[PDB]
Structures are given as C-alpha cells and as structure tokens.
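Since the structure comes first, as structure tokens, the remarks are kept for the end.
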2 protein chains.
Amino acid sequence: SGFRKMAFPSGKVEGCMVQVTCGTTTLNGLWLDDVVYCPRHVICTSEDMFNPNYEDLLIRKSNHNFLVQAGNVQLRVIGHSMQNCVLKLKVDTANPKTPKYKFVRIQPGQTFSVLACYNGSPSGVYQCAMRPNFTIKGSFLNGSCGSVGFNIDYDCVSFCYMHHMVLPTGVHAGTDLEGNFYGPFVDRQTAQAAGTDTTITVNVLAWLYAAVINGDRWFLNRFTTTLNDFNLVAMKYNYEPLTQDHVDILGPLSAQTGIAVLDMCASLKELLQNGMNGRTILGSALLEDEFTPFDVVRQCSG
Amino acid sequence: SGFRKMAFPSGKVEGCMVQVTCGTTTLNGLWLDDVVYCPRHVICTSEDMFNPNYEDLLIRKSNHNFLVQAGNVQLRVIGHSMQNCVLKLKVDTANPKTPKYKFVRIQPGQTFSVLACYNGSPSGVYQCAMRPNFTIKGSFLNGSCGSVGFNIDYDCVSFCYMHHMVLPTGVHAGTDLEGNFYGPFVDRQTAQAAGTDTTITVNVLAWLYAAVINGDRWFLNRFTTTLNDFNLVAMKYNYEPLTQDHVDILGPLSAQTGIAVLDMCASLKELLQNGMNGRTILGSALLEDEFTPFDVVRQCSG
Ligand SMILES: Cn1cnc(Cn2c(=O)nc(Nc3cc4cn(C)nc4cc3Cl)n(Cc3cc(F)c(F)cc3F)c2=O)n1
Ligand SMILES: Cn1cnc(Cn2c(=O)nc(Nc3cc4cn(C)nc4cc3Cl)n(Cc3cc(F)c(F)cc3F)c2=O)n1
Ligand SMILES: Cc1ncc(C[n+]2csc(CCO)c2C)c(N)n1
C-alpha cells in the first residue's frame, strides 16, 4: 500500500565513494577494485574549465598530481588514463568494499538511483529518470560532480550515470561509466541547452495504473482509442509515442487492475485535452512520468 | 521545481537489518550492539493477531523460540524482554556494523528516511513525514513490519520509527524504538481509523521561505500578525497551529531571507483566505507540507 519515489538502498555504493583532487580542483570518485573513476574535468584549473584541451592537460600530469582520499586514508596513484570524459586512476590498494558491479548505458525513460555526494561523502539518495532529451532532473549542489547513478539487481550494482554538470535551466547532464555523455553535451564550462524535452508516455500510463491500484479512479472513462489515434494526440502534446512493446510491458498492470492498456490511453488522452480541473492524482497536480512499469509493479504487486 | 524528496544514504542502517521469526510469524528487526529490536507482534500466531495477550504469549516463550538471522546466518538469542510494543532480544554477537546511534521520538511534521525491508533484506529507501494524525504516507507491502525510519546527523543515526501496520485507508502506523506508538494505535490486527489529518503549517512556511530564496516572492504581503491570531485562523483552514519550537526552527530561514517569521505567517494567512488566484509558487499551485526547515536548507545550501 502507498506509492512513493523509491531509490535502491545505497550502501553498496557508499563504500565506493572517494574524493579526488588536482591542484585546487576537487570532486567525487568511484573506487572499484584498484581503479578510481571520476570526471576528467578534475584536471582543469579555473582557467581551463571554459575550453579545456583534455589530452594536453593530461599529458602534463604525473601520478602524484592526483590526490585521492578515502575517508582519512590517502590512496597512492600508480597509473592514470582517460576513457572519453572519465579519468581512471590506478591505485595501489583494492577497495575491499567493492560490490559485484557492471557498467551499463541506460535508455531514455528508464530510472535509476542517484547517490549525491560532496567531497567524497555521500549526502542523499533519490530516484531519477533519463529524460528523452538525455538530461536528468536531479538535486545537486556545487561539489556534486562525480556522483553516480545506479540500479541494483540481486546484489549486482549496475552503474549507469556519473554526474558532470548543471545546465542553465537547472537540469543536469552526465556520462555513462565509459565516459560518453548522455545527450549532445560536452564537458566544458559553457552554457549548454538541451533539446526539447518530451514526456515519457509509458511511464505516465504506469503511474495512472499505480493510482488505480491505490484506489483513485476519477480520471478513468468509457472512451475507446486505437494505439495510432492515441499516438497522434500524444505527439501533439509532446508526449513520446507508445510502442507495442510498451503496451506489452504494461500487461501485468492491466491484468492486475482489469483496465485494458488502450482504455488507460483513452483516459490519458482526455487528461491531455481537458487537464485535471484542479484535481490531483496520487497527490500530484501534474502527470508524473518518472515511474517505469517495473517501478510500479515492484511497489504495487499484491 | 529544483526540490526533490531526498533520503539519507541508507548504508549505516542496511548493516543493522535482520529477520526475526517465531514459529511461522516473521518480520524485520534492528541489530545494534548485542541487542535486536523488533515489533512484539512477532510472537503472535495468526489466531493471536486479532486480540493478543502479549504478556501471556511471552511467558510461554524462551530464548530458543526466537530465530534471528542476518542473511542466512543465525544469531543466537541469549535473553529477551518486552518494552511497550517492542521486543528486545539479547544476542551473543555485537554487530560489527553498529553505527553511532540514538533513539528519538519525533513530532508531527518531522521527516525521516524509511528503509523498506522484507525478510531482513532492504528493498528501497524513501523520505516520509510524520502526519499530524500520527500516520505516515509510506509505501509498504506485506513483510515490511519492523522496517525503520531514521535521520542521520553527522555520523550519528537517530532512529525514530519502527513500522508496525497498515490502516484501512492504506496509510501506515508504528512506534518509536522504545515501542511507544505514534498516535492512538495499538498492535492488534484490527481496523483502526486514523483521525482527520491537517496541513503541517511549519513545513508550508519552510516551503515559502524556499520559494523566496529562489526569487519567487510575489506572495509576500505588507502585513504582519501575532502568533495567537495566526493560530486561530490556521485552524479554520485545517492547518496545524504553530508551536514555539516551530517558530524557532524557522529561525535560520528567517535570518537567511530577512523575512520575519510572523511576516511570513501573515503572507500564508493571505494565501489561505484568498487562494493562489491562478498563480503558482515554485511552479506548483499546491503548497507543499512535507519539507521541513532543515530539508529546505539541506537542498538549497548543503
Ligand atoms: C550547482 N551544481 C549542480 N550540479 C553541479 C555539479 N558541478 C560541480 O559539482 N562542479 C562543477 N565545476 C567544478 C568547480 C570546482 C571548484 N573547485 C575548487 N573544484 C571544482 C570542481 C568542479 Cl567539477 N560543475 C561545473 C562543470 C563540471 C563539469 F564536469 C564540466 F564538464 C563542466 C562544468 F561547467 C558542476 O556542474 N553543480
Ligand atoms: C500491506 N502492508 C503494508 N504494511 C504492512 C505491514 N504489516 C506486516 O508486514 N505484517 C502484518 N502482519 C503480519 C503477518 C504475517 C504473516 N506471517 C507469516 N508473518 C507475519 C508477520 C506480520 Cl507482522 N501486518 C499486520 C499487523 C502488524 C502488526 F505489527 C500489528 F500490530 C497489527 C497488524 F495488523 C502489517 O501491517 N502491510
Ligand atoms: C566552483 C566554480 N569553479 C570555477 C568557476 C569559474 N571561474 C571562476 S574565476 C575563473 C577565471 C579563471 O580564474 C573561472 C573560470 C566557478 N564560477 N565556480
């Protein structure tokens, strides 16, 4: 019973956060086995951040220019390399708290947990979605660079996000753990705009099913729609199109509630056209799109 | 808005979760030093759950009737006692992952992180507020009994909530770590109704300060009020009256913005009497009441 934004327990990741410093520049790193991963922006000085030539800056660096602190222990760097926008510091000590882990690149519309950290210390945890325009709407302050996002599946941590920067609209951009940005962004201190964001339609539908499972039905109706006719209306409102795969994924929620997927599409179509008339769904005045069908099933089965 | 419900990192609590089983009744417990804390409901058979005689259920029980497991490893119970609605099981091993900790009883309005657990295994973490009617709008399934709520200040975990039961409306009820229920509930499997809820005034005020901090301040009027006058008006709109402690925890935000607490009460009074008139605050037409003054500073300032 109930439905809330839920993050994975963050303990397995907390044991991996460290602080990395070059000169006066400092951010968070991820210590797995004998490697620390962190944004390569750390090698920038105040004058480099605007337009860094990273290969130039890195070749001028020695191992002892990197100071890595785990708690109050200093870790000795014995090698360094760059993979795209991620710096890899080889250290002489393996992290005994290293969990079983994978690096994955997540798809837009999928969710993950963010462990926000400052100076290598974990500060808070919360759930985010990869937006269709490759930004994330996180909660990050100065010093959060290098914080990571992840999912956990049977004691294996799949790291999918490393935080790099804040955009002028206050949304956030980062890379996978291979150092490739999500979206058309680049790691320099310039004002960067994202593409137009769209709403994750399959997630909104999942969250409507959550609302029904928790006893709210005011938005349901008796109208009918085809998948294509729903997608025409959805595109009009800058909603992502709904695929047959998405319809299939919503299957369990349809079975549970007895509401056909296309019947819930008919309900969403009306909400897009009429609005909510000051009413709320699961306490929200806006249509929530950062719950996947798996997130709803996980919280609402039974 | 840039505001998200953020949990504390859960690792310090994850290392304390265990499963406790009596016969087939099984739930979650909290292992700190050489004591495991858990709801006394675990000693009920199904026929006991409706109207248990705990004293009589406990006199029949011996140490060897309690199965306490960390993962699949059994912890031998060497003493047991009842304190209000919590059972305290003395075990023969001091938990090596015990953090610095305290037991605290919170007030309505205060927020905390919940580590939802099933069979001793943490499943997710999210932020909750204690409602004025002493329920929490959590997210809990069967098997969640004994999950705990907590805050972390510096490196000390303040435990404030242990989950006991779901109410007919789907909200949740439980105790502090001394076994004293929040609210008028008792640990019987009966349909107990929560009283009518109200809005957490101190947290709405914190939210208005957060809006001011971010430059959204159209709602600041030119008036002030006395605390007594504001309290009397607030109750007529199903808002909670303010306490002297409430005024004091608004102090840092009042100092940060230079807006006197009673001036902000006058501004909230005007919103109550007139409404938003089609206009929004931090992008929402709803006033948020589950961010405490500390949450606001935590998310604006760090
Ligand atoms: C408000 N906010 C929200 N998210 C963020 C993340 N973020 C950050 O934490 N730090 C950044 N720049 C740095 C400045 C430093 C000053 N010192 C002494 N050390 C510093 C280290 C960093 Cl990383 N940035 C900006 C930023 C970071 C990048 F990785 C990048 F490629 C471009 C950028 F403009 C930042 O956004 N802050
Ligand atoms: C849907 N939901 C949301 N929160 C909860 C919490 N909750 C719970 O997890 N378990 C409960 N009863 C038990 C049944 C058991 C069956 N087996 C095999 N083992 C069991 C252990 C428990 Cl604790 N309850 C009900 C409940 C638990 C209490 F502690 C109490 F005092 C009164 C109650 F009615 C429950 O609410 N479920
Ligand atoms: C945290 C943080 N880091 C860097 C800058 C950028 N900055 C400050 S002075 C200067 C010119 C070189 O001295 C630059 C690029 C910032 N604003 N905040």
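Because only heavy atoms are used, hydrogens play no part in the values below, and waters and symmetry mates are left out as well, while side chains stay in. Reminder, nothing fancy here: chain letters follow the sequence lines and each chain counts from 1.
Side chain of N203(A) to main chain of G109(A): a donor-acceptor pair is present (N/O by atom type, distance under 3.5 Å, no hydrogens or angles). A donor-acceptor contact shorter than 3.5 Å is absent between the side chain of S284(A) and the backbone of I281(A). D289(A) places a side-chain N or O within 3.5 Å of a backbone atom of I200(A) that can act as its donor or acceptor partner. Here the side chain of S147(B) pairs a donor or acceptor atom with the backbone of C117(B) at under 3.5 angstrom. For the pair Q192(B) (side chain) and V186(B) (backbone), a donor-acceptor distance under 3.5 Å is present. The backbone N or O of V202(A) sits nowhere less than 3.5 Å from a side-chain atom of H246(A) that would complete a donor-acceptor pair. Judged by distance alone, with hydrogens and angles left aside, the side-chain atoms of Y239(B) form no donor-acceptor pair with the main-chain N or O of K269(B) at under 3.5 Å. Remark: side-chain polar atoms of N231(B) are paired, donor with acceptor, to backbone N or O of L242(B) under 3.5 angstrom. Using modelled atom types, one side-chain atom of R4(A) and one backbone atom of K137(B) make a donor-acceptor pair closer than 3.5 Å. Judged by distance alone, the side chain of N28(B) and the main-chain N or O of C145(B) form a donor-acceptor pair under 3.5 Å.
Both cation-pi conditions hold for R298(B) and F8(B): the charged atom is under 6.0 angstrom from the six-membered ring centre and inside a 45 degree cone around its axis. A cation-pi geometry, defined here as NZ or CZ lying under 6.0 Å from the six-membered ring centre and within 45° of its normal, does not hold between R131(A) and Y182(A).
Contact record, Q299(B) with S139(A): OE1-OG, 3.3 Å, taken as the closest heavy-atom pair. The minimum heavy-atom distance between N151(A) and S113(A), with the atom names listed, is OD1-N, 4.4 Å. Annotation for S10(B) and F150(B): closest pair CA-CZ, 4.2 Å, computed over non-hydrogen atoms. In terms of heavy atoms, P108(B) sits closest to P132(B) at CB-CA, 3.7 Å. Closest of all the heavy-atom pairs between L220(A) and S267(A) is CA-OG, 3.2 Å. Residues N214(B) and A210(B) share a closest heavy-atom pair of OD1-O, 2.9 Å.
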Discussion item. For a side chain to side chain contact (heavy atoms under 4.5 Å, CB included) check, start with the C-alpha distance between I259(A) and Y209(A), then their side-chain angles and the critical distance, and finish with the verdict.
Written reply: CA-CA 8 Å; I259(A) 300 167; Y209(A) 275 111; 4.0 Å; yes

Fill in: Worked check of side chain to side chain contact (heavy atoms under 4.5 Å, CB included) between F112(B) and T292(B)
CA-CA 10 Å; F112(B) 52 95; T292(B) 70; over 6 Å; no

Fill in: Verdict with reasoning, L115(B) to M17(B), per side chain to side chain contact (heavy atoms under 4.5 Å, CB included)
CA-CA 9 Å; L115(B) 180 61; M17(B) 295 321 289; 4.0 Å; yes

Practice prompt. Just do the ring pair (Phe, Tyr, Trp, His ring centres under 6.0 Å) check on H164(B) and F185(B) with the steps written out, would you?
Written response: CA-CA 10 Å; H164(B) 278 64; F185(B) 309 108; over 10 Å; no

Practice prompt. Apply side chain to side chain contact (heavy atoms under 4.5 Å, CB included) to the pair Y237(B) and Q273(B), showing each step before the final yes or no.
Written response: CA-CA 9 Å; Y237(B) 292 82; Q273(B) 297 173 323; 3.6 Å; yes

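Aromatic ring orientation, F103(B) versus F159(B): perpendicular (interplanar angle above 60°, classes split at 30° and 60°). By the 30° and 60° cut-offs, the orientation of the rings of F291(B) relative to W207(B) is parallel. The aromatic rings of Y161(B) and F140(B) lie parallel to each other, with less than 30° between the two planes, well short of the 60° mark.
Here the rule is side-chain contact (heavy atoms from CB on, under 4.5 Å) with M264(A), and of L250(A), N221(A), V212(A) only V212(A) fits it.
The ring pair (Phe, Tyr, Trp, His ring centres under 6.0 Å) test applied to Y126(A) returns no partner, not counting sequence neighbours. Remark: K5(B) pairs with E288(B), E290(B) by the salt bridge (charged side-chain N to carboxylate O under 4.0 Å, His left out) rule, at least two apart or across chains.
Under the 4.5 Å side-chain criterion, counting only non-hydrogen atoms from C-beta, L253(B) is in contact with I213(B). Contact of the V13(A) side chain with the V125(A) side chain is not registered, since no non-hydrogen atoms from C-beta on lie closer than 4.5 Å. At a threshold of 4.5 Å between non-hydrogen side-chain atoms, the residues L262(B) and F230(B) do not count as touching. Proximity of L271(A) to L208(A): side-chain heavy atoms (C-beta onward) are separated by under 4.5 Å at one or more points. Annotation: side chain of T199(B) is not in contact with side chain of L287(B) (no heavy-atom distance under 4.5 Å).
With rounding to the nearest 0.5 angstrom, the CG atom of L232(B) is 4.5 Å from the CG atom of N228(B). Between atom CG of residue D176(B) and atom SG of residue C160(B) there is a gap of 9.0 Å, rounded to the nearest 0.5 Å. Interatomic distance, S123(B) OG to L141(B) CG, rounded to the nearest 0.5 Å: 8.0 Å. A distance of 5.0 Å separates CD of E270(A) from CZ of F223(A), quoted to the nearest 0.5 Å. We find the SG-CG distance between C265(B) and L205(B) to be 5.0 Å, quoted to the nearest 0.5 Å. Put simply, OG1 on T201(A) and CG on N238(A) are 10.0 Å apart, with the number rounded to the nearest 0.5 Å.
Sorted by first and then second residue, the side chain to side chain donor-acceptor pair (under 3.5 Å) pairs with a member in residues 247-257 of chain A read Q244(A)-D248(A); sequence neighbours excluded.
With 3.5 Å as the limit, one finds a donor-acceptor pair spanning the side chains of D295(B) and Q127(B). If you check the side chains of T135(A) and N133(A), you find a donor sitting under 3.5 Å from an acceptor. Side-chain atoms of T198(A) and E240(A) include a donor-acceptor pair closer than 3.5 Å.
Heavy atoms from other residues, nucleotides or ligands lying under 6.0 Å from CD of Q107(A) number 12 at most.
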